[PDB]
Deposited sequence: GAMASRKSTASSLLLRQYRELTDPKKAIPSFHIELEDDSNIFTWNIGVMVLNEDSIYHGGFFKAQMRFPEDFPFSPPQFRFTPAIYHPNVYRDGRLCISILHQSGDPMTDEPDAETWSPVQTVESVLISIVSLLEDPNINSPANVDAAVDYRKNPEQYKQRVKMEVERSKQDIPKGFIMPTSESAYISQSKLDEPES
């Protein structure tokens, strides 16, 4: 049917995720140097007041291949955050970004990937843990886990852009 190219599909999704009427308030999305279509700087926010990661502004970078959306994009937290499914280099274990328990498909969008990430943030996958100490503290030492998450939330508040209003809690 409509076989849109990668740059056009990314631009339309970028426009919708930054429109003052349709942009999801959980994600602050901007292009690299405000020009590069295939690498996005995204600030992930957890609006759920009942989540441990609430109140944080976690910067991240998303890179898209030239055959989007027929290949998954790459996601990395910059810097790496404390989470049972995130490695020390910022990369993270999530099934939606793997190709070939829902995996990647050309029907997935940037919205659905980001939604799947905030869900994994509130509900980490302990059966596929990236690396401790977040995974071991999640099961053995729950109070150490929250103290490590709360210390990571306040550390991410320094990356909030100037003049940016944090959206209200849900």
Original post:
Where are the holes in the model when you compare it to the deposited sequence?
Top reply: 1-4, 105-113, 184-197
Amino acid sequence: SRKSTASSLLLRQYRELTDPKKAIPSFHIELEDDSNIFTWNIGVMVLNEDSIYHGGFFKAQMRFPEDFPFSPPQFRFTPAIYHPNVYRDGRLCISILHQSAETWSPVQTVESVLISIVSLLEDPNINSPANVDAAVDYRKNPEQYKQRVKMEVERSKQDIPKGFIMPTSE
From here on, numbers count along this sequence of modelled residues.
Original post:
Mean CA B-factor: is it higher for 45-53 or for 107-115?
Top reply: 45-53
Original post:
On average, which has the higher Cα B-factor in the deposited entry, 12-20 or 148-156?
Top reply: 148-156
Original post:
For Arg63, does the deposited CA B-factor place it in the lowest, middle or highest third of the chain?
Top reply: lowest
Original post:
Split the chain's modelled residues into thirds by Cα B-factor; is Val132 in the lowest, middle or highest one?
Top reply: highest
Original post:
According to the PDB entry, is the CA B factor of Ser35 in the bottom, middle or top third of its chain, that is, lowest, middle or highest?
Top reply: middle
Subject >> Position of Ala101 among the chain's modelled residues by C-alpha B-factor, lowest, middle or highest third >> reply: highest
